[PDB]
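J.: opening with a subset of the complex:
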Amino acid sequence: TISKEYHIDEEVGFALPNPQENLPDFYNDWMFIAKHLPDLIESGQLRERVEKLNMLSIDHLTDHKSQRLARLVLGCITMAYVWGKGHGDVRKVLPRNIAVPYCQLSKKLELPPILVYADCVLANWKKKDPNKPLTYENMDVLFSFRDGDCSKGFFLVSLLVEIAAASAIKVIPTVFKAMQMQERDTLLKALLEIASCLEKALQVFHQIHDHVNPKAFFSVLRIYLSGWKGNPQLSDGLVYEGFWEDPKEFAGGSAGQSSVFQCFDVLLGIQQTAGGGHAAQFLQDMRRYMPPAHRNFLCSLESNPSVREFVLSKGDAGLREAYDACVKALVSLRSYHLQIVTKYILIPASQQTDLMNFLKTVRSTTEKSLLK
C-alpha cells in the first residue's frame, strides 16, 4: 500500500481527514471574522474588522490540522476583504496584520497566499454526527461567503466526488505491482475496479442539481472564487503588506488543483500536461497550488512505467478493454461536468466561453487516449 508520507487517507483520499473546526482561543479574532463573513460583508463591516486586527503570531498553530484550518480561515477572510460585496469595489492592498501571518503560514505549508482547492474543499468540511457515514445529509462546510451562495452544495459535492474517486487510489499499487510481476489477470481486475470506482463517482456528481442553483452560484459564489492572475480588476496582483513590496499575482481556487483527477490522467497516460497548449500550462501550474505531499505523489506516479504503453504492447483485447473502460469513465465524468458548466455558468452569464474551451480540450485529450 501507498506510503503514509503522501498523506492520502484510506477513506477520504486527498481530502483532509476529520478537519479541525476550532482554532486555539488565541486566534478568536480571526475565527470571529471567518465565521461571520455573510453578515460582515453585507453590512460593510468586514474591511473595518480586518483593518482593526492585531498581527497574531503563527507559532501557536502547533499541528498540521490547525495550520490547515488557519489557512482556510485567513484565505476566506482575504477573498472577502479583496472583493467586498462583489460589485467592483476591490481592495488592492491586504493589511499587514493579516497578510504577514497569512504569507508566513503559507510559506510553512508550501502553498500560495490565496484560497486554494485544498482549503475550500478538502479542509472545509465536518460530519454532523461522527457515528453516521460520509453522506451529504450528514455533512456541512465550515465556512461560507454570503447567505444563499450555495457554497455548501458546491464545496460538499466536489468533496463527495473526491472521496468517491479515492476508492480507486488504493488500486494504484496493485496496478504497478501487476505490471512488474507480469500478472496479467491481476492487472485486468485492477483496471476494471478503477473503472468501477470512476463510474460510481459519476452518480455522486448528480447531487449538484439538488444543492446548487445557477443564479446564486454565478452571481454570488463566482465572485469570491476569483483570484488575481490575469484579472482585469487587479491587473498587477495583490499587495501583501509587510511581506512583499510589489503586488503578487496568484490564480484563484480551482478544481484544476484537485490531485485525484490529475492522478488518474497520469496513471492512464493521458498526457494532460504535454503539447505546450494553454490547458497543459494551466494544469501543470495548478500543481504548485496542491499540498506538497500530493504534488510529490503525482511526480511519483509519472516516474513509474506507463500503464498505457504496457497495455498497448501486449496484444490483449481483454486488457485493452479494461483500460478503455477507465478512460471512458473519465470521458463520461468530464462530459457530464461540461453540461453542468453550461447550466451554472454559460446560461446565467447570458442572462446578466474560455472556461468551456479549457474543459473541452481536457475532455478531448481524454477521448483521444482510447485504444479502441
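T.: That came in fine, so what should we check first? Residues are numbered from 1 along each chain as shown, chains lettered A, B, ... in the order given.
J.: for the most centrally placed residue in chain A, what are its contacts?
T.: Central residue of chain A (CA atoms, centre = their mean): residue A:117, 3.0 Å from the mean position. Contacts for residue A:117 were tallied using CB atoms under 8 Å, 6 or more residues apart in numbering; they are A:158, A:253-258, A:289-290. (Each C-beta comes from the backbone N, C-alpha and C, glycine too.)
J.: could these be laid out in JSON lines, adding secondary structure, neighbour count and distance to residue A:121?
T.: Output for the contacts of residue A:117, formatted as JSON lines (DSSP: H, G, I helix; E, B strand; the rest coil; neighbours: other CB atoms under 10 Å; distance: CB to CB, whole Å):
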{"residue": "A:158", "secondary structure": "helix", "neighbour count": "21", "distance to residue A:121": "5"}
{"residue": "A:253", "secondary structure": "coil", "neighbour count": "22", "distance to residue A:121": "8"}
{"residue": "A:254", "secondary structure": "coil", "neighbour count": "16", "distance to residue A:121": "10"}
{"residue": "A:255", "secondary structure": "helix", "neighbour count": "14", "distance to residue A:121": "8"}
{"residue": "A:256", "secondary structure": "helix", "neighbour count": "22", "distance to residue A:121": "12"}
{"residue": "A:257", "secondary structure": "helix", "neighbour count": "27", "distance to residue A:121": "9"}
{"residue": "A:258", "secondary structure": "coil", "neighbour count": "21", "distance to residue A:121": "8"}
{"residue": "A:289", "secondary structure": "helix", "neighbour count": "23", "distance to residue A:121": "12"}
{"residue": "A:290", "secondary structure": "coil", "neighbour count": "24", "distance to residue A:121": "12"}
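J.: quick one: residue A:272 is in a helix?
T.: No: applying DSSP: H, G, I helix; E, B strand; the rest coil, one finds residue A:272 to be coil, outside a helix.
J.: still on that earlier bit, from the contacts of residue A:117, pick the one nearest residue A:213.
T.: Set against residue A:213, the nearest of those by CB to CB is residue A:158 (16.2 Å).
J.: you'd agree the closest one is up against residue A:255?
T.: Yes: Residue A:158 lies in contact with residue A:255 (CB atoms under 8 Å); the separation is 6.3 Å.
J.: any residues in contact with both of those two?
T.: A:117, A:121.
J.: ok, and the closest non-adjacent residue to residue A:248?
T.: Of all residues not flanking residue A:248 in the chain, residue A:237 sits nearest, at 4.8 Å (CB to CB, 6 or more residues apart in numbering).
J.: also residue A:306?
T.: residue A:269 (4.9 Å).
J.: residue A:348 now?
T.: Nearest one to residue A:348, counting by CB to CB, 6+ apart, is residue A:218 at 3.7 Å.
J.: just to be sure, the one you found is in a helix?
T.: Yes: under three-state DSSP, residue A:218 sits within a helix.
J.: one step back: quick one: contacts for the residue nearest to residue A:306?
T.: A:306-309, A:369 are the contacts of residue A:269 under CB under 8 Å, 6+ apart.
J.: do the same with residue A:38
T.: A:144-147, A:149.
J.: what lies in contact with the lengthiest helix in chain A?
T.: Identified as the longest helix of chain A according to DSSP state H is helix A:317-341. Residues outside helix A:317-341 that contact it (CB under 8 Å, 6+ apart) are A:184, A:187-188, A:191-192, A:194-195, A:198-199, A:201-202, A:205, A:208, A:264-265, A:268, A:270, A:307-308, A:311-312, A:314, A:355-356, A:359-360, A:362-363, A:366-367, A:369-372.
J.: narrow the residues you listed to those in helices?
T.: A:184, A:187-188, A:191-192, A:194-195, A:198-199, A:201-202, A:205, A:208, A:264-265, A:307-308, A:311-312, A:355-356, A:359-360, A:362-363, A:366-367.
J.: can you confirm residue A:293 is in a helix?
T.: Yes: Residue A:293: assigned to a helix according to three-state DSSP.
J.: what is the burial count for it?
T.: 17 (other CB atoms under 10 Å).
J.: distance of it from residue A:307?
T.: To residue A:307, residue A:293 is 22 Å away according to CB to CB, to the nearest Å.
J.: chain B goes on too:
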Amino acid sequence: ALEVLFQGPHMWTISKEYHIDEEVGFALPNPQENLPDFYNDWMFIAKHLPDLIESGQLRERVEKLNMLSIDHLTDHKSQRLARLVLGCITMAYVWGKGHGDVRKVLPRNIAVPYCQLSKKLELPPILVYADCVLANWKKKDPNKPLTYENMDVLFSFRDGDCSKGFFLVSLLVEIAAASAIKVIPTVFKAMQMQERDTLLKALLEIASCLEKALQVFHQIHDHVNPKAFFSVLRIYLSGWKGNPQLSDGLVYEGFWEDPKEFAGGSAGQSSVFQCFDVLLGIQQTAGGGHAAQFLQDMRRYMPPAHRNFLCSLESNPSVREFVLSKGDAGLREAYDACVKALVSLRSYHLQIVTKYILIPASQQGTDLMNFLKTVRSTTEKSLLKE
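T.: That brings us to chain B, laid onto the chains above:
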C-alpha cells in the same frame, strides 16, 4: 519507482531508470552519429545545413523529401539522433538565411515524422538542449578522454557560427558538474542516518566538483567569438513562443491543424544546474515570478527520465532545512561552499553574456540579463553566512 510508492520518496540510490550516466551525467553517453541508410536523405540535409542555407537550396531539398516512417529507428540512441537531425533541419527551414524571410508552415514530409518521434520521446517538436548539447557530440578517438581536442559536434547551422565551441563547452561543463550527481545519494543517506561527518564530506565534495566546473567554463573564450555568436548562431537558437516573427507559432502540417508555440533551445533546460538548485533548496521555481515560471516550464523540454529525477529530488527532505537546524558551523560552511560555487558559476556566466550578447547587440534586449541576475540573486540570497 515501485518501492517509492510504498515506502515514500527516499533517494538513497540513483536508479538506472533516471538515465544519468556515471561519466557524462545528463548527457547522452556515446551518441549515435549515423542513422540507418533508409534516412540518408535526412542526413544529407542535416550534414550540409551551412551550404544549403547559404546557397538558398535548403527549403527546396526539404520540400522535395518523401515522408519517411519512424519505424526504422529501433533504439533510443537512433531516435535521439533523428530528433537532433530533424530539429536542426526545422530551425534552418523556418529561419532560412536569418534575415526576415521566415517559413510559417513546416512541410508534412518532415513535420509528421518529427512530431511522431517527439511524441515517442516525450519532447516538444523543436530543437532542445538535450538535442543540440547532450546528444550533439562524438569522441574523435574512443580510446582518448573527454577533452575538447578529442571531441566534435555532429551538426552545425552556418559556416563560422561557433556552434562547435558553444555546444561543446556547455557539454564539458555539464560533464564536469555530473561528477557531483553521484554524491546526491550519499547526502540523502547521511541525513536519514544522521551521519554528520559523512554529510559534511559529501557537501564539500559537491562544492569541489562545482568549483572545477568553473575552470571548464573558461574554455568558452578560445572556441567562440562574439560577432559570429550574436550575428549568426543566435538566429537558429530562436523558437516560436512569444516571437513576433512567428506570433502564432509554427504549423506542423499533417500533425496539428493550428500553429503551435514552443520555446527555443535553452540552457534553462539543463537538468544538472536545476538539480543542484533543488538539492540546496535554492527555490528557483518559487514565487510566481518570470524566472521561476521560465525554469519550471523548461522542465517539460527535458528528457522525461531527467524531469522525473528533478521532481524526485523535490520530494526528498530539504538539505537546507537540515543544515539550518543543526547549529553546526562546519556543516553550514560546507553547504555555503556549494551555494558559493553556483554563485561564482552564474557571476562568470553573466560576464560571458555581456561579452557575447550585450556588447555585440550594442554595436548596431536586457530582459535576458534581468533573468540571469534574478537567478544569480536567488542563489546568493541562499547563503547562510555572506
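J.: let's see the contacts of residue A:38 again after adding chain B.
T.: When contacts are counted by CB atoms under 8 Å, 6 or more residues apart in numbering or on different chains, residue A:38 is found next to A:144-147, A:149.
J.: in CSV: the residues you listed, plus secondary structure.
T.: Formatted as CSV, the contacts of residue A:38 follow (three-state DSSP):
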residue, secondary structure
A:144, coil
A:145, coil
A:146, coil
A:147, coil
A:149, coil
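J.: just the buried residues out of the residues you listed, in ChimeraX syntax.
T.: Restricted to buried positions by 16 or more other CB atoms under 10 Å in any protein chain shown, the ChimeraX selection for the contacts of residue A:38 reads:
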select /A:144,145,146,149
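J.: any chance of the contacts of residue A:38 in JSON lines, with distance to chain B too?
T.: Shown next, in JSON lines, are the contacts of residue A:38 (distance: CB to the nearest CB, whole Å):
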{"residue": "A:144", "distance to chain B": "28"}
{"residue": "A:145", "distance to chain B": "24"}
{"residue": "A:146", "distance to chain B": "29"}
{"residue": "A:147", "distance to chain B": "34"}
{"residue": "A:149", "distance to chain B": "28"}
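J.: ok, and for the longest helix of chain A, which residues are buried?
T.: Applying 16+ other CB under 10 Å to helix A:317-341 flags A:319-334, A:337-338, A:340 as buried.
J.: and the following helix or strand past that helix, what other elements does it pack with?
T.: Later in the chain than helix A:317-341, the nearest helix or strand by DSSP states H and E is helix A:347-350. Counting contacts by 3 or more CB pairs under 8 Å, 6 or more residues apart in numbering or on different chains; DSSP states H and E, helix A:347-350 packs against helix A:214-216.
J.: centre of the chain to the helix it packs on, how far?
T.: Put simply, helix A:214-216 sits 21 Å off its chain's centre (CA atoms, centre = their mean, to the nearest Å).
J.: what residues does chain A have near chain B?
T.: Neighbours of chain B within chain A, by CB under 8 Å from any CB of the partner chain: A:1-6, A:112, A:172-173, A:176-177, A:180, A:229, A:248-250, A:271, A:273-277, A:281, A:284, A:288, A:296, A:299-300, A:302-305.
J.: and the residue in chain A sticking out farthest from the centre, how far from chain B?
T.: Distance from the C-alpha centroid of chain A, by CA atoms, centre = their mean, peaks at residue A:315 (37.6 Å). Computed as CB to the nearest CB, to the nearest Å, the residue A:315 to chain B distance reads 17 Å.
J.: tell me how many other residues surround residue A:57.
T.: Neighbours of residue A:57 under the rule other CB atoms under 10 Å in any protein chain shown: 11.
J.: which ones are touching it?
T.: Contacts of residue A:57 (CB under 8 Å, 6+ apart): residue A:101.
J.: now do it against chain B, distance only.
T.: 20 Å.
J.: what's the nearest residue to residue A:322 if we skip its chain neighbours?
T.: Leaving aside its sequence neighbours, residue A:322 sits nearest to residue A:191 (CB to CB, 6 or more residues apart in numbering or on different chains; 3.7 Å).
J.: correct me if wrong: that neighbour contacts residue A:178.
T.: No: Residue A:191 is not in contact with residue A:178 according to CB under 8 Å; the separation is 9.0 Å.
J.: more neighbours, those two?
T.: residue A:191 (27 against 21).
J.: leaving out sequence neighbours, find the closest residue to the residue in the stretch 251-372 of chain A that chain B sits nearest to.
T.: Residue nearest to chain B within the stretch 251-372 of chain A: residue A:299 (3.5 Å; CB to the nearest CB). Distance criterion CB to CB, 6+ apart; nearest residue to residue A:299, sequence neighbours excluded, is residue B:311 at 3.5 Å.
J.: which residues touch the residue nearest to residue A:322?
T.: Counting by CB under 8 Å, 6+ apart, residue A:191 has contacts A:175, A:307, A:319, A:322-323, A:325-326.
J.: and for residue A:120?
T.: By CB under 8 Å, 6+ apart, the contact set of residue A:120 is A:72, A:75-76, A:143, A:151, A:155, A:225, A:253.
J.: take those and keep only those in helices.
T.: Filtering the contacts of residue A:120 for helices - DSSP H - leaves A:72, A:75-76, A:151, A:155, A:225.
J.: ChimeraX command for the buried members of those residues?
T.: A single ChimeraX command selects the buried members of these (16+ other CB under 10 Å):
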select /A:72,75,76,151,155,225
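J.: good, wrapping up.
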